[PDB]
> 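Pasting a structure below so you can have a look.
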Amino acid sequence: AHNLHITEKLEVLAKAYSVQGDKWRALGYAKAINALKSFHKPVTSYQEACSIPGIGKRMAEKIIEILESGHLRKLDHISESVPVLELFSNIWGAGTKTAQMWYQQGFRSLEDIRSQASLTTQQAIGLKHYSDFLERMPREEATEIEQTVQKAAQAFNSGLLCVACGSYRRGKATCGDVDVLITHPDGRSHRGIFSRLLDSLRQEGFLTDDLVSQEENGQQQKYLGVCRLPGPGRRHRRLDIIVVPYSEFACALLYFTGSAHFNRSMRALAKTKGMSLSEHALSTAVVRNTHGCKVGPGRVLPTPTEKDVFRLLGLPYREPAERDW
DNA sequence: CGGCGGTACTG
DNA sequence: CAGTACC
DNA sequence: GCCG
Ligand SMILES: [Mg+2]
Ligand code: NA
Ligand code: NA
């Protein structure tokens with residue numbers, strides 16, 4: 001953590017680009033910032049800048065301006081719309097397009113949104129839980145939530161295997177939400193159980209809002225919603241559940257454990273090797289066109305364990321706490 | 001030049 | 001489909 | 001934004 005004086009200013013720029021919808025420029029910035037944060041010693045030279053992976057001339061020039069003038073002139077020309085765009089796209093279900101649209105329509109505050117904006121069902125829930133959805137819970141509460149789900153699941157099939165993933169599995173002290181993966185060792189009993197589980201969890205008043213939940217489909221893969229533990233002092237928390245076939249267990253676990261950048265790096269690596277990795281499977285002999293798009297499926301490789309995914313990719317295994325990029 | 005992860009709901 | 005979301 |  002040796003370049004806070006520069007990265008702190010870059011994260012402001014990255015965030016501005018992000019809420020304005022400039023996703024690839026923002027991405028570039030993210031990789032540079034992350035790089036700078038892992039670099040033990042204070043970069044001291046424009047040459048020493050380019051040196052680092054994720055950093056190039058453009059970014060180097062910025063870092064040079066910050067160490068000499070102790071400032072970044074671009075930070076002074078960030079659009080005034082940015083704080084408002086950030087406020088709006090912090091509503092669950094509203095992204096950069098929606099935020100920019102609301103802004104163009106003259107809205108500047110959540111009060112404007114509440115009173116004048118047209119909201120999707122999701123966004124109305126997002127807004128109702130605006131503050132809650134910005135808070136992190138202690139991992140101890142995540143345990144309680146996982147256990148509430150696990151108990152309700154194992155109540156109608158004790159064979160069900162339930163594991164909390166995401167930041168919880170990566171071992172963080174606090175969690176943004178709870179990610180529960182459910183599967184079954186028998187390979188078939190996982191089918192059409194959202195039906196039973198969600199009903200059970202609604203029965204106990206545990207679920208309060210549904211954000212994403214295709215219950216008309218017998219093939220539902222995920223539930224994204226909102227729960228609240230019983231008793232006083234409790235806040236609404238975001239709950240994400242996925243149910244996967246046992247054969248996809250390792251890939252599902254890897255994906256659902258993250259982090260996001262870790263998943264992307266893994267998947268980017270797989271593609272270099274003519275393979276493909278998703279929450280469903282690791283595939284080989286994947287045929288692609290000249291534009292990187294999948295033109296041919298290939299074969300699914302057997303992956304009983306996360307270790308196998310690493311192995312098939314020619315990588316040393318990493319514990320969840322080490323995937324925390 | 002041009003890709004930068006791969007996928008699942010919503011409406 | 002585009003937008004948003006998941007990790 | 002970075003990089004092949
Ligand atoms: Mg999470
Ligand atoms: Na949002
Ligand atoms: Na629904």
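Both backbone and side-chain heavy atoms feed into the values below; hydrogens, waters and symmetry mates do not. Each chain gets a letter, A, B and so on, in the order its sequence line appears, and its residues count up from 1.
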> Specify the separation, in whole Å, of atom NZ of A/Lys23 and atom P of B/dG6.
11 Å
> Between A/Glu279 and A/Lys222, does any NZ, NE, NH1 or NH2 come within less than 4.0 Å of an OD or OE carboxylate oxygen?
no
> With the side chain of A/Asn263 defined as its heavy atoms from C-beta on, choose the nearest nucleotide among B/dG5, B/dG6, D/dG1.
B/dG5
> What is the distance, rounded to the nearest whole Å, between atom NZ of A/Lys271 and atom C1' of B/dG5?
7 Å
> What are the bounds, 5' to 3', of the part of DNA chain C that sits under 4.0 Å from heavy atoms of chain A?
C/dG3 to C/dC7
> Classify A/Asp177 by what it touches in the nucleic acid, base, sugar-phosphate, or nothing, heavy-atom distance under 4.0 Å.
sugar-phosphate
> Can A/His190 and A/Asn157 be counted as having a side-chain donor-acceptor contact under 3.5 angstrom?
no
> Mind telling me the pucker class of C/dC1, north or south, from the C1'-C2'-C3'-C4' torsion?
north
> Answer yes or no: is there an ion pair linking A/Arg170 with A/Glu319, defined by an N-O contact shorter than 4.0 Å?
no
> Contact class for A/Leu254 vs. all strands (heavy atom < 4.0 Å): base, sugar-phosphate, or nothing?
nothing
> Between A/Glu306 and A/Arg169 (salt bridge meaning N to carboxylate O under 4.0 Å), is one present in this structure?
yes
> Should the heavy atoms of other residues, nucleotides or ligands under 6.0 Å from CZ of A/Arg234 be counted, would the total exceed 12?
yes
> When we call it a touch if two heavy atoms are under 4.0 Å apart, what does A/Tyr255 touch: a base, just sugar-phosphate, or nothing?
base
> Any salt bridge between A/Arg114 and A/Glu111, counting N to O under 4.0 Å?
yes
> What is the separation between atom CD1 on A/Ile52 and atom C1' on D/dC3, rounded to the nearest whole Å?
16 Å
> Which part of the nucleic acid does A/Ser213 contact within heavy-atom distance under 4.0 Å: base, sugar-phosphate only, or nothing?
sugar-phosphate
> Which nucleotide sits closest to the side chain of A/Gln214: B/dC9, B/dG6, B/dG3?
B/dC9
> What contact category does A/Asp22 fall into here, base, sugar-phosphate, or nothing, at under 4.0 angstrom with non-hydrogen atoms?
nothing
> Would you indicate what A/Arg323 reaches in the nucleic acid, counting non-hydrogen atoms under 4.0 angstrom: base, sugar-phosphate, or nothing?
nothing
> Distance-only, no hydrogens or angles: does the A/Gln154 side chain make a donor-acceptor pair with backbone N or O of A/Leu160 under 3.5 Å?
yes
> Within the structure shown, what part of the strands sits under 4.0 Å from A/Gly28 by heavy-atom distance: base, sugar-phosphate, or nothing?
base
> Can you tell me how far P in B/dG5 sits from the matching atom in D/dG4, rounded to whole Å?
14 Å
> Would you classify A/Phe262 as touching base, sugar-phosphate or nothing, given that sugar-phosphate means primed atoms plus P, OP1 and OP2, and contacts are heavy atoms under 4.0 Å?
nothing
> Rounding to a whole Å, what distance do you find between A/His261:NE2 and B/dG5:P?
8 Å
> Crowded around A/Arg318 CZ? As in, over 12 foreign heavy atoms under 6.0 Å?
no
> For DNA chain C, which residues in residues 82-98 of chain A have a heavy atom at a distance below 4.0 Å?
A/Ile91, A/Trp92, A/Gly93, A/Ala94, A/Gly95, A/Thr96, A/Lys97, A/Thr98
> What is the distance, rounded to the nearest whole Å, between atom CH2 of A/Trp325 and atom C1' of B/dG5?
13 Å
> Students often get this wrong, so: under 4.0 angstrom with heavy atoms, is A/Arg238 touching a base, only sugar-phosphate, or nothing?
sugar-phosphate
> Choosing from B/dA8, B/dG6, D/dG1, which nucleotide comes nearest the side chain of A/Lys222?
B/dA8
> One thing to verify: whether A/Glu144 and A/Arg139 come together as a salt bridge, which I'm taking to mean a side-chain N less than 4.0 angstrom from a carboxylate O.
no
> Can you find a donor-acceptor pair, distance only, under 3.5 Å between A/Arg58 side chain and D/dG1 base?
no
> Could you list all the side-chain hydrogen bond (donor to acceptor under 3.5 Å, both in side chains) pairs where at least one residue sits in residues 209-220 of chain A, not counting sequence neighbours?
A/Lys128-A/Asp209, A/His129-A/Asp209, A/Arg202-A/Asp210, A/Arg202-A/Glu215, A/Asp210-A/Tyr223, A/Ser213-A/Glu215, A/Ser213-A/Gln220
> Can you check the A/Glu279 CD to B/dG6 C1' distance for me, whole Å?
6 Å
> Roughly how many Å is it from NE2 in A/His291 to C1' in B/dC1, rounded to a whole number?
11 Å
> How many Å lie between CD on A/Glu216 and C1' on B/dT10, as a whole number?
11 Å
> With a 4.0 Å cutoff (strictly under), does any side-chain N or O of A/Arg267 reach OP1 or OP2 of B/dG5?
no
> I'd like to know if A/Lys172 and A/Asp324 make a salt bridge, using a cut-off of under 4.0 Å between side-chain N and carboxylate O.
yes
